[PDB]
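**Student:** I'd like to ask some things about the structure below.
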Amino acid sequence: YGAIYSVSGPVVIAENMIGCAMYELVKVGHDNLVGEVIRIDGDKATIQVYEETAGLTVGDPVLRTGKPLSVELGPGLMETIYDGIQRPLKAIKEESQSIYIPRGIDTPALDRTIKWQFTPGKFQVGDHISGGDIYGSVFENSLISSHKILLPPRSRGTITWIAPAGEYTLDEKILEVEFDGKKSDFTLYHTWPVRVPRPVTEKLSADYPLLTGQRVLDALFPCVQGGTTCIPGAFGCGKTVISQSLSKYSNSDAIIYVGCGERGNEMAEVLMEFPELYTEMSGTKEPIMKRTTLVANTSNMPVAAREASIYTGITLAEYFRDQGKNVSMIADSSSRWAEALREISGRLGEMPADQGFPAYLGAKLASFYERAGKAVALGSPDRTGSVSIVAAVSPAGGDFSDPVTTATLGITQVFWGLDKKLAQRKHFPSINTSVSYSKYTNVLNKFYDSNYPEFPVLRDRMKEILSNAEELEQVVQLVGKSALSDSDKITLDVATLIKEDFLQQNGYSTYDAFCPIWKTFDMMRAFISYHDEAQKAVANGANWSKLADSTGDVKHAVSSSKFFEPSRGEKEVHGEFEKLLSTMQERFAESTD
Amino acid sequence: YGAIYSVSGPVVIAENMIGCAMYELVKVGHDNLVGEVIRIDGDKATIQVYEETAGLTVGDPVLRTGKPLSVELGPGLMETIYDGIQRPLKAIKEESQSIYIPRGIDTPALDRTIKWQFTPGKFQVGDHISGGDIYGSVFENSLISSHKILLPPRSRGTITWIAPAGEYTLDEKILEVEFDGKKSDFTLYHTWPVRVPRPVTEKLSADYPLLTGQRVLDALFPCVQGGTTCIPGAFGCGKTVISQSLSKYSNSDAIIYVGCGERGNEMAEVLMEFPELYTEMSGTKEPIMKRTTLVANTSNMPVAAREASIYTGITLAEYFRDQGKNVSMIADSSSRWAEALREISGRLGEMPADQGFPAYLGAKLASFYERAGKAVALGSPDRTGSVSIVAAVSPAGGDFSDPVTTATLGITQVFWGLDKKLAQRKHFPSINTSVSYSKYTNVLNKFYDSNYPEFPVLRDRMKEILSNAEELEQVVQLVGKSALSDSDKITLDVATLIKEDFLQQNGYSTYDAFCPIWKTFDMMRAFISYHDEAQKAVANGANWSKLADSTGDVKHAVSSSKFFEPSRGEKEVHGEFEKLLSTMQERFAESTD
Amino acid sequence: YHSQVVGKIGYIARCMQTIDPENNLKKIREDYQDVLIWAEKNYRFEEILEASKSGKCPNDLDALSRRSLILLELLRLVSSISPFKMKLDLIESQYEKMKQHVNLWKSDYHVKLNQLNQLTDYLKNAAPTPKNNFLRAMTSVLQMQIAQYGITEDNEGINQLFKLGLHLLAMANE
Amino acid sequence: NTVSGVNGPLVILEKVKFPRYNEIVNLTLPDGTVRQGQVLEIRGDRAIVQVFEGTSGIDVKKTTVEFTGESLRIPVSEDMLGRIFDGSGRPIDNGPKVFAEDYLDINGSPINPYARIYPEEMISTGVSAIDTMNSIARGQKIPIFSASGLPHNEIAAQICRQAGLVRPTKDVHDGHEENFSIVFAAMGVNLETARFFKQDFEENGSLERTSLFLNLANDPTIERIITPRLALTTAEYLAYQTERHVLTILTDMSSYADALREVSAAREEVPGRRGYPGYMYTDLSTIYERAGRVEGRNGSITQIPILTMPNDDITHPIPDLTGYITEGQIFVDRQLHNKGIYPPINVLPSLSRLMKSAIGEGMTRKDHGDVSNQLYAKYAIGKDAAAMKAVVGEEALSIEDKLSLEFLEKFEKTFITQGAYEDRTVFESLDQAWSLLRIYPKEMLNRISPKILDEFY
Amino acid sequence: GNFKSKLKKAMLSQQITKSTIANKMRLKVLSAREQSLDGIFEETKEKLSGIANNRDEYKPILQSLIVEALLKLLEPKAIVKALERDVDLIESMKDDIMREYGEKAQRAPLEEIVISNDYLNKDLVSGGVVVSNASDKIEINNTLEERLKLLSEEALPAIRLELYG
Amino acid sequence: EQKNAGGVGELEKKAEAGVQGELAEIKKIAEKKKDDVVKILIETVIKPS
């Protein structure tokens, strides 16, 4: 077919190509290496390979398979690790004896000899089918039914053969579709392109929250299941602690970890720490390992796996969202995929337009966030699904106001602050009230306020108290303090306790890193009631030391009530928060007089 | 050999060039202008022209010499001025009647009309020889012979015929080498390319003290024999005064002056001021001009002489260090050679790095910085030599964030400060601890402070008081003098007296003379004893005006101590500094009671 | 590589033969027998380079540079003490004491030979005068006391004569 | 193979595409000297190679080229330690040939067991300020950041001088359960700074367990950048082959960034912003790809690169690109070096996220990061109190601002001040940090738990 | 205190000779192993030089190297340069090189073998020929000494591990 | 200081007497099986590599 014209870096150019697309995958070299032609100019097409070049010479045969290069979706996704193309690193670790993917060693997208339990769905002989419909199920990971059998998208017809219940393999057909003749046989696994998005029936608004396990995040703004939010990073300011605490504290049915580039210790520490740690929805054994999907790519891996890792993670998140379950998508980070696209653009020779980044990094980065969200599931059943996209951002263009962080912050809908200076005082993640915003607070306030919501009134006074504490802290150090009012000192003292009990958190404990929504709303309502009681008592005539000494054990119990966990009562609410209001009323009445 | 195909800008194209090497020096056209081959593409080679020419026709022949551009190594370099292209300026000044380089000239590499006295060393007929051995000597100075007759590098064999002592010329051969038959004859002068570094026998650590002759330079951070020093600053910092004072007041065997582009008056003032002064190293009959080599480079001179001036001066300093004598290389400045390399890179059409400078400036500066240093002399005799390169840097637009100052300051181990505000007070170059540092100051203070000197305690306390003087001046300027105590005023007056007495180099009656470390040790000990007596006298009750008026003639006598000549009763201790300790003790005793 | 070791071996053999041609330094000449063995017979550079590259001669150029520098310092100290005669046992004990130090040109023994070489070098190219006659007699008495007492002992007469010679050299013609 | 032309360090040859990528070739010049080179890029009917040692003496028709037929590999064996070797073929490095018994590639083509194992035991070079502020474990990439205007070669010489003495305290501390190996890789640095590090390593008595690699500053950037892959390949082959802990230092990254910026002047690739190429993350990640734990628990591999900031900014491509591949960073102090304190550092922007899980049991306490967070917040409060008190005076400073200001000077002049060859355990550094941390009351600290803070203060 | 500082400064000097002896022993061991490999390779070079003295059995070895260089060249015309004692064997067996080269490839037919007057020396190359293109642009060294020297870099580790292990 | 004045002779006695017997037995064992490596290297040189 084709011939290797020139090889420079990790990308190889092959000429003698006719009728090739921009997404078809072919084998480059004499070892049958995995690759995909991203772009082509004339007769020579440039294809990025998933392995490095360590002896590849020109004049090698390049034969295209005749179809697009994507990942295989089916049973065997959970309890597996893929680098950037869903390749078994455990098989290469035993066979090849190394950790990295070497040239000339390939593997499949899933297991072949592993048999699964096949169960028939709601289809029979002569029943109608469509793309994304529920055709069956897989009995693997028996803690929760996550493996759902779905048909390929853009393909419909009638079910001519209905396989019965029993044991089957991943290489034998059990279903056949007939729509104007025999189109093709269907197996337990299905193929789908990673560079092509998954279609849906219709988009819907977010009306369900997502428990991320953050006291300052859920206390500051209402969480949503299926929203888009960004997280600022500084390369060592508490991003991995919030990522591991957000992944462990997540209560979704599936976990999709997609890493374009990391240091390397976080991938092995997350995989080894994942099968020995129980989350909020954990079970007897394998609570995070059985329900989580591992797609980790390091900095030492190729740029093709790091660039295709976001497409494989978004395709796995859309595949898990198409089944009708709630999945949390954690991406870390977009700066590694933008750095890999800047390395591929620097190797190809494209002129950048992002101050050291690619010109299409803004549209390609903004298009990745648009493919994640809550909506109706594609197919005739029309199930309810959602995908919460949590992607971290970090500036690499040489400034904090670069176009990558501006496009990623403008395209996002949720705001999560993170400062390196505030994280050094043991207050990670230090969120900013002036740069924080949430658009789904009005829609989430109907259902959350319909159940038991009080987050808005204490949240607006908490944000105004944080802005007044920041303005008083900047004006005090700027102008110089020689006196202090009791109203600003009470707001600064309430902002210090709210920043200590809310901003202070960790990613390795559960006593001071786990709090319910009712306990956080009762603590924020108790702090807002104590701030309103101190502000109302200060207006009637009183001192600041007489107000703090009049409060006494109320602020020490409210500040010391953030290290416990729910182990009492028959619900999330506890009796310690209800008894603090009666002592806070007597302490507020005695503090005034 | 070749023919000129086209001439665009300062770069010319010559076709039919297949024997020309990289960086080979040849003559383009009939003018005999200096040039070098920078790049070659096929049969047509690109030759960059450095000399100014406005009569170069398209089609003129190019005559290649067959070797790269270098400098001559032999007797006759001292007491003569030469250019960067190995051309005599005195023969062009006498013959052409122009002091500068005319538009198109041709002369020999050295003076062939002056005979020298060649004497045989310890060699004999039938003894083995090697490249670098002392085969003879040439009498050039009244004290000792500086031009040592040595063999060329990468040459060995047996001495078949040894020439006797007498008068001869550089063109006539006096030595014959027998190795594997009749190889070739040797002469008094030898050639060496400027694009290849000379070899050495072995490297040694730089821990020997180098008497530069400056009280401010050796007082704060004195350099060592074989190190690298960088000095930044704007126009008007005293680079030619430090080069002439370092060359005349230096105690090394040879002085290397390299001009990388000046205004023109500084080279004539340094050349005429070099033989008009008297050397303080036991020498007469023009001792400063006889042991110093002057490289004349102007601002409107050729780019080949300015760019290859550091390689020719580093090659001559490497030959003088290989001969067995210690040589100190003073260059000012590398910003003209970096601007000439950026001008050649901009005219050649290559990709720059930042501000028009090429990316090879770090490797070119690292090659010249790696080519100099202290080590064992090459040859069978195993002599000891040293090469101390001191090159000042300047910005390209007025900022110190350029790659030349950052690469020269980062690659160097010793830094020399420069204050713009202190330069207005006639104290340029003034820096104590805030803009300069030295890694060899501990080994230099430990080695020189063993028997004679006590510089480490007064240098540490003077560095601490000089570091606290900036915070005392900033706190006195920002807040005021009411919050400051008498110790900050005494340390501020001691920092102004030590900075005015040490940083000041221009007198009011005559030029400053040479001063050793023993002379500056009495002034630093008198300033440390005056600061300790003034600070200790204020604790027991004493006015600041009574102590500052109690000092009196100590500050005026300490200022005029640098103008007087050394050896006024002793070499390590002076009689003038002894009265300041008794007067400070009498004023401190009278100020207490 | 091998040419520097062959040139250092031939220069060490020529310096060893020019140092003592009477066969009196058996201790210094015993350690230099491996370099004097190839210098005692006619051999080309290809035979010394082939014999040194095949592991049959000394190839450490770093140790041969310091070992040749110690023999050059001993030959320079023995040649600088002329016309006075030094003892062979004092020269062997001075070479053994100087060779046993961690730094050869770091002590005062090299500074005393450099000061005597600068004092004799300053008077070797000067006319007859009172400072040249007094410095010549002080350099002759310093050469006789340095040849008789050695350079290992730090006597006050050698330091006073060296300080008087350096103080006389530091003066001018007025 | 006849060369058509030569532009700078790269040479263009006219021939068929018989050789492959990374194919070693020999360039025959007319001056009686043969040089070796590696093909950086291969094309159809042409090849681009870079001279490893010099570029002077390249003709068009008078010179010829020949292919060796073997890839660029460095011979590594079990006898490389205890002597000076080189991988560039130079006779001034104590032998140009190592004479190893195994042939391994410089890019990890045969094996690369890294990036798949977490750290288990902690490591300490003997600095209470560096190990106390940032938790360094076996297999973590803790880089030391430098700046233009400070002695980074003295800090790298102190880090190389500290190698060999921490191995005896590491066995008694239970941090190392095998032999210790040292790997020295020099590329782009001057020979004067490398000679002081070799004389300090030989004077310290640790040259037998360490191997030195000498790379000159007058050779091409492909040889200096290729030397760290050979040093990391020899350290990974020695760590995986013998089951020992290998600690490698790579200085300097600025010379590798300048060599990468000077490269690609005749190839089809173009440089990005600031003169450096856009694919510098892959070249910087290739040296860090051989770092980490080994497969099967066969020893470990530690890498500590020394990078000097030319602009003094934290937004450069070398520290910004190297900071993403590494974990955290250690920023040195330029003002602390002028006062006479070494090794000066800053705990304000220096933070490690994996310092909690990287620390183990039996070699360090659990309250190390709790005192480090309060010490970093006290240092930032002392810097903000000094900056706020510098402008106005003694009016905007509070009671905690004066205690943080005195604790910043006492901690900067007490914990940062140490010797170059001195060593100390983690208990002595934690006891000195706990003793120096007792300058503020317990009612104004919130970066630690009350149970661990009440027991030890 | 001064006796302790002088005792430490006097005691710190042992590591230079203590490391220099271990460096000299490790350099002497590598010099002995390289001296044994340099004699084993000298015996292999003497056996290869003795095997090249044949006149009838040496034709397929040079014909296989000329066919190997012709298969890497892929040109229709190639000049074969060899020693003064090898052109007579290739001149009488020039059809076997074109038949064996033509039977293993079909991208270009070999129709002429130009044996010029350039004779290779016998003191630097013991047997073998040098195949080059007709335009003099690409030259492939197919000598036995170049193949043994280039193969010694990969055969030296297996012989070194099998000889000292 | 006497232990450092007398330690200058141990560099040659510790290096010559340290490894002096292994260079003869290694050359004897290497010279014994030299025919197999010479026959394998001679057989590999006579064919294409």
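Going by the structure tokens order, chains are called A, B, ..., each with residues numbered from 1, while ligands are numbered from 1 in the order shown.
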Please provide as a PyMOL selection string all residues within 12 Å of residue 42 in chain F, with the sequence filter that same-chain residues fewer than 4 positions apart are discarded (counting only C-alpha atoms).
**Tutor:** (chain E and resi 40-52+61+144-145+147-149+151-152+155) or (chain F and resi 34-38+46-48)
**Student:** Just want the 7 Å neighbourhood of range 3-14 of chain F, counted on only C-alpha atoms, with same-chain residues fewer than 5 positions away dropped. Output as a list in words.
**Tutor:** residues 100 of chain C; 17 and 21 of chain E
**Student:** If we count only C-alpha atoms and set the cut-off at 9 Å, which residues sit around range 553-569 of chain B, ignoring sequence neighbours fewer than 5 positions away in its own chain? Please answer as an mmCIF file with N, CA, C and O atoms, in the first residue's frame.
**Tutor:**
```cif
data_model
loop_
_atom_site.group_PDB
_atom_site.id
_atom_site.type_symbol
_atom_site.label_atom_id
_atom_site.label_comp_id
_atom_site.auth_asym_id
_atom_site.auth_seq_id
_atom_site.Cartn_x
_atom_site.Cartn_y
_atom_site.Cartn_z
ATOM 1 N N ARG B 215 41.706 47.775 45.495
ATOM 2 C CA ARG B 215 41.301 47.618 46.888
ATOM 3 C C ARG B 215 39.819 47.276 46.993
ATOM 4 O O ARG B 215 39.407 46.519 47.880
ATOM 5 N N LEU B 497 31.190 55.544 54.303
ATOM 6 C CA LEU B 497 32.627 55.793 54.332
ATOM 7 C C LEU B 497 33.399 54.644 53.697
ATOM 8 O O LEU B 497 34.400 54.869 53.005
ATOM 9 N N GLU B 500 32.530 54.832 49.955
ATOM 10 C CA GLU B 500 33.188 55.955 49.296
ATOM 11 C C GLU B 500 34.697 55.754 49.244
ATOM 12 O O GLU B 500 35.364 56.220 48.314
ATOM 13 N N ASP B 501 35.255 55.059 50.238
ATOM 14 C CA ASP B 501 36.695 54.837 50.276
ATOM 15 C C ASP B 501 37.116 53.617 49.466
ATOM 16 O O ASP B 501 38.253 53.562 48.984
ATOM 17 N N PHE B 502 36.226 52.637 49.305
ATOM 18 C CA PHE B 502 36.538 51.410 48.577
ATOM 19 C C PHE B 502 35.983 51.426 47.157
ATOM 20 O O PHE B 502 36.664 51.010 46.215
ATOM 21 N N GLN B 505 37.206 55.226 42.884
ATOM 22 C CA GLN B 505 38.467 54.992 42.199
ATOM 23 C C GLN B 505 39.048 56.238 41.547
ATOM 24 O O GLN B 505 40.227 56.228 41.171
ATOM 25 N N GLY B 507 40.373 59.990 41.863
ATOM 26 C CA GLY B 507 40.846 60.944 42.841
ATOM 27 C C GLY B 507 40.501 62.375 42.469
ATOM 28 O O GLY B 507 39.755 62.658 41.530
ATOM 29 N N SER B 509 43.281 64.723 42.951
ATOM 30 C CA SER B 509 44.603 65.308 42.774
ATOM 31 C C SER B 509 45.404 64.518 41.748
ATOM 32 O O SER B 509 46.220 65.087 41.014
ATOM 33 N N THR B 510 45.178 63.207 41.690
ATOM 34 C CA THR B 510 45.880 62.345 40.753
ATOM 35 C C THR B 510 45.159 61.008 40.679
ATOM 36 O O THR B 510 44.204 60.760 41.421
ATOM 37 N N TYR B 511 45.621 60.153 39.769
ATOM 38 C CA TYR B 511 45.037 58.828 39.605
ATOM 39 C C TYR B 511 45.432 57.926 40.768
ATOM 40 O O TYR B 511 46.482 58.110 41.386
ATOM 41 N N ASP B 512 44.573 56.953 41.063
ATOM 42 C CA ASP B 512 44.843 56.023 42.150
ATOM 43 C C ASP B 512 45.920 55.024 41.741
ATOM 44 O O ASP B 512 46.007 54.606 40.583
ATOM 45 N N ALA B 513 46.745 54.642 42.710
ATOM 46 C CA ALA B 513 47.833 53.701 42.492
ATOM 47 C C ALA B 513 47.414 52.295 42.911
ATOM 48 O O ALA B 513 46.267 52.046 43.286
ATOM 49 N N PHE B 514 48.373 51.372 42.836
ATOM 50 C CA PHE B 514 48.117 49.992 43.219
ATOM 51 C C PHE B 514 48.028 49.872 44.736
ATOM 52 O O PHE B 514 48.690 50.601 45.480
ATOM 53 N N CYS B 515 47.198 48.936 45.193
ATOM 54 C CA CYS B 515 46.981 48.705 46.620
ATOM 55 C C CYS B 515 46.788 47.212 46.850
ATOM 56 O O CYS B 515 45.904 46.591 46.238
ATOM 57 N N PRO B 516 47.592 46.602 47.719
ATOM 58 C CA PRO B 516 47.443 45.165 47.979
ATOM 59 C C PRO B 516 46.337 44.894 48.988
ATOM 60 O O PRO B 516 45.608 45.786 49.425
ATOM 61 N N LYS B 519 47.087 46.471 52.437
ATOM 62 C CA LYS B 519 46.758 47.886 52.569
ATOM 63 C C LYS B 519 45.263 48.085 52.784
ATOM 64 O O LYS B 519 44.848 48.982 53.528
ATOM 65 N N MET B 523 42.485 49.389 56.284
ATOM 66 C CA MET B 523 41.332 50.275 56.159
ATOM 67 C C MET B 523 40.047 49.569 56.570
ATOM 68 O O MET B 523 39.154 50.187 57.164
ATOM 69 N N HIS B 574 50.877 49.601 57.508
ATOM 70 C CA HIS B 574 51.292 50.966 57.233
ATOM 71 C C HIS B 574 51.264 51.786 58.515
ATOM 72 O O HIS B 574 50.540 51.469 59.463
ATOM 73 N N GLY B 575 52.067 52.853 58.537
ATOM 74 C CA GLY B 575 52.127 53.700 59.715
ATOM 75 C C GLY B 575 50.991 54.699 59.798
ATOM 76 O O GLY B 575 50.718 55.245 60.870
ATOM 77 N N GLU B 576 50.315 54.956 58.674
ATOM 78 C CA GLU B 576 49.214 55.912 58.680
ATOM 79 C C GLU B 576 47.953 55.303 59.280
ATOM 80 O O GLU B 576 47.172 55.998 59.941
ATOM 81 N N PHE B 577 47.738 54.004 59.064
ATOM 82 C CA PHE B 577 46.549 53.346 59.594
ATOM 83 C C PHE B 577 46.688 52.996 61.070
ATOM 84 O O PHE B 577 45.688 52.673 61.721
ATOM 85 N N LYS B 579 47.645 55.070 63.448
ATOM 86 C CA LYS B 579 47.216 56.194 64.275
ATOM 87 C C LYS B 579 45.698 56.272 64.385
ATOM 88 O O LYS B 579 45.178 56.901 65.313
ATOM 89 N N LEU B 580 44.975 55.647 63.451
ATOM 90 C CA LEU B 580 43.516 55.673 63.502
ATOM 91 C C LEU B 580 42.976 54.781 64.612
ATOM 92 O O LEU B 580 41.894 55.045 65.148
ATOM 93 N N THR B 583 43.622 56.900 67.767
ATOM 94 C CA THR B 583 42.736 58.060 67.779
ATOM 95 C C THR B 583 41.285 57.644 67.985
ATOM 96 O O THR B 583 40.506 58.377 68.605
ATOM 97 N N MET B 584 40.905 56.471 67.473
ATOM 98 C CA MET B 584 39.555 55.969 67.702
ATOM 99 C C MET B 584 39.392 55.466 69.131
ATOM 100 O O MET B 584 38.291 55.512 69.692
ATOM 101 N N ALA C 170 61.558 44.997 46.244
ATOM 102 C CA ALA C 170 60.394 45.873 46.210
ATOM 103 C C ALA C 170 60.769 47.348 46.145
ATOM 104 O O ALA C 170 59.895 48.186 45.896
ATOM 105 N N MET C 171 62.037 47.686 46.364
ATOM 106 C CA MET C 171 62.472 49.071 46.330
ATOM 107 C C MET C 171 62.666 49.544 44.890
ATOM 108 O O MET C 171 62.472 48.798 43.925
#
```
**Student:** Any chance you could tabulate, as a tab-separated table, the residues of chain B at most 7 Å from chain C with each one's nearest atom pair and distance in Å to one decimal, using only C-alpha atoms, in chain and rising number order?
**Tutor:**
```
residue	atom	partner	partner_atom	distance
B:128	CA	C:10	CA	5.8
B:129	CA	C:7	CA	6.1
B:130	CA	C:7	CA	5.3
B:143	CA	C:125	CA	6.5
B:157	CA	C:45	CA	6.4
B:202	CA	C:62	CA	6.4
B:282	CA	C:170	CA	6.9
B:380	CA	C:8	CA	4.6
B:381	CA	C:11	CA	6.5
B:382	CA	C:69	CA	5.7
```
**Student:** Write out as a VMD selection string which residues come within 7 Å of range 134-138 of chain D when counting only C-alpha atoms, dropping same-chain ones fewer than 3 positions away.
**Tutor:** chain D and resid 119 to 124 130 to 131 142 300 302 351 to 352 355 358 to 359
**Student:** Just write the chosen residues, C-alpha atoms, as a compact mmCIF listing (two decimals), in the first residue's frame.
**Tutor:**
```
# COMPACT_ATOMS: atom_id res chain seq x y z
CA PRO D 119 7.24 4.94 46.48
CA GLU D 120 7.51 2.91 49.70
CA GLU D 121 10.56 4.16 51.64
CA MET D 122 11.63 7.75 52.19
CA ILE D 123 15.00 9.27 51.29
CA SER D 124 17.02 12.03 52.94
CA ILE D 130 14.83 20.31 52.42
CA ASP D 131 13.48 17.04 53.82
CA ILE D 142 12.09 16.36 43.60
CA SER D 300 14.53 1.99 43.18
CA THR D 302 15.93 8.45 42.27
CA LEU D 351 4.83 22.70 48.45
CA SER D 352 4.49 18.95 47.89
CA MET D 355 4.45 14.30 50.85
CA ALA D 358 5.27 9.31 50.29
CA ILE D 359 6.35 9.12 53.94
```
**Student:** To one decimal place in Å, what is the distance between CA of residue 89 in chain E and CA of residue 127 in chain E?
**Tutor:**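 Between these atoms lies a distance of 11.9 Å.
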**Student:** Which value, in Å to one decimal, gives the distance between CA of residue 299 in chain B and CA of residue 263 in chain B?
**Tutor:**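 Separation between CA of residue 299 in chain B and CA of residue 263 in chain B: 5.9 Å.
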**Student:** Name the residues of chain F that come out as helix (DSSP H, G or I) in a backbone DSSP run; write them as a ChimeraX atom specification.
**Tutor:** /F:2-5,7-16,22-32,34-45
**Student:** For the selection you just gave me, I'd like the residues written to a file as a CSV table (one decimal), in the first residue's frame, keeping C-alpha atoms.
**Tutor:**
```csv
chain,number,residue,atom,x,y,z
F,2,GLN,CA,53.2,9.8,60.2
F,3,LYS,CA,50.3,7.6,59.0
F,4,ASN,CA,49.8,10.0,56.1
F,5,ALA,CA,53.6,10.2,55.4
F,7,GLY,CA,50.5,6.0,53.4
F,8,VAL,CA,52.0,7.2,50.1
F,9,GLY,CA,53.5,3.8,49.4
F,10,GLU,CA,50.3,1.8,49.8
F,11,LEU,CA,48.9,3.1,46.5
F,12,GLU,CA,51.3,0.9,44.5
F,13,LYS,CA,51.5,-2.1,46.9
F,14,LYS,CA,47.7,-2.1,47.3
F,15,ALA,CA,47.1,-1.9,43.5
F,16,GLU,CA,49.8,-4.3,42.4
F,22,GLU,CA,43.4,-12.6,38.3
F,23,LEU,CA,45.1,-11.2,35.2
F,24,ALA,CA,46.9,-14.5,34.6
F,25,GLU,CA,44.1,-16.9,35.3
F,26,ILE,CA,41.7,-14.7,33.3
F,27,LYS,CA,44.1,-14.7,30.4
F,28,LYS,CA,44.6,-18.5,30.8
F,29,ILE,CA,40.8,-19.2,30.9
F,30,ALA,CA,40.2,-16.7,28.1
F,31,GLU,CA,43.0,-18.2,26.0
F,32,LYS,CA,41.7,-21.7,26.6
F,34,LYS,CA,39.5,-18.6,22.5
F,35,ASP,CA,39.0,-21.1,19.7
F,36,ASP,CA,35.2,-21.1,20.1
F,37,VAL,CA,34.8,-17.3,20.0
F,38,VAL,CA,37.4,-17.2,17.2
F,39,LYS,CA,35.5,-19.8,15.3
F,40,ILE,CA,32.1,-18.1,15.9
F,41,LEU,CA,33.5,-14.7,15.0
F,42,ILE,CA,35.3,-16.2,12.0
F,43,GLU,CA,32.1,-17.9,10.9
F,44,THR,CA,30.0,-14.8,11.4
F,45,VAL,CA,32.5,-12.6,9.5
```
